[PDB]
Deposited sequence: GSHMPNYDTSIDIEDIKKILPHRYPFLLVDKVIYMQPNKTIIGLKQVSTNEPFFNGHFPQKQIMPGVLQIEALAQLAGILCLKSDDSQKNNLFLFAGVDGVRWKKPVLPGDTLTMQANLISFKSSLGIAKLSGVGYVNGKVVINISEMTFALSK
């Protein structure tokens, strides 16, 4: 809606350095969808180990980035449960298509499928220059 910067992401997510993988939330509509973006700089602690010969953002950290963007969605959609500590329950149908490299802007959109009580299921996609880098059919989450 209005844009929501980092200082306010740290108020929603319990995550911190080196494991906060969302820089900005550019569009969020509660109970439907969220769009955020992660900047990929060589100046991140994980590159030095993946890999020294060739820096490629771990596929698992692109899941984690989406999974955190998905989290921001759930915790703004309903905060009657005042517990920001969400855990990944299950993930299904992850497909990585293109490497994500330093200097790239990872643009990510996750979409809610169902909510209950928590037990929430979301879909996720990430793009670098309008090309699909990673698909996630279903991310499940629990309190």
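Q: No C-alpha coordinates anywhere in a stretch? Then put that deposited-sequence range on the list, in order along the chain.
A: Gaps vs deposited seq, in order: 1 to 7, 125 to 126, 153 to 154.
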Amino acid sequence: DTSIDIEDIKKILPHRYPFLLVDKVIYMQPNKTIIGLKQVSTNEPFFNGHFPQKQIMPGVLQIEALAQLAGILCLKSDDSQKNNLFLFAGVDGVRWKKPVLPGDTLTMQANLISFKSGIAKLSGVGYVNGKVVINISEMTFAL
From here on, numbers count along this sequence of modelled residues.
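In this text, rigid core is short for the largest set of C-alphas that superpose within 1.5 Å between two forms.
Q: With the rigid core as the fit anchor, does 128 to 136 or 18 to 26 show bigger C-alpha shifts in 6 other deposited structures of this protein?
A: Farther from the shown form on average in 6 other deposited structures of this protein: 18 to 26.
Q: Relative to the presented form, and with the rigid core used for superposition, do the C-alpha atoms of 85 to 93 or of 31 to 39 deviate more in 6 other deposited structures of this protein?
A: Result of the core-fitted comparison in 6 other deposited structures of this protein: 85 to 93 deviates more.
Q: Are coordinates for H50 absent from at least a third of the other PDB entries that model its neighbours?
A: Affirmative; at least a third of those entries omit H50.
Q: Is it the case that at least a third of the other compared entries omit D79, given both of its neighbours are modelled there?
A: Result for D79: often missing, at least a third of the compared entries.
Q: Mean CA temperature factor from the deposited coordinates, higher in 62 to 70 or in 82 to 90?
A: Per the deposited B-factors, the answer is 82 to 90.
Q: As stated in the PDB record, which stretch has the larger average Cα B-factor, 53 to 61 or 105 to 113?
A: If you average the C-alpha B-factors of 53 to 61 and of 105 to 113, the larger mean comes out for 105 to 113.
Q: Is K38 in the lowest, middle or highest third of its chain when residues are ranked by C-alpha B-factor?
A: Ranked within chain, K38 CA B lands in the lowest tercile.
Q: Going by the recorded CA B-factors, say which third of the chain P45 sits in, lowest, middle or highest.
A: For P45, whose C-alpha B-factor we compare with every modelled residue in the chain, the answer is the lowest third.
Q: Per the entry's values, where does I119 land by CA temperature factor relative to the rest of its chain, in the lowest, middle or highest third?
A: Ranked within chain, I119 CA B lands in the highest tercile.
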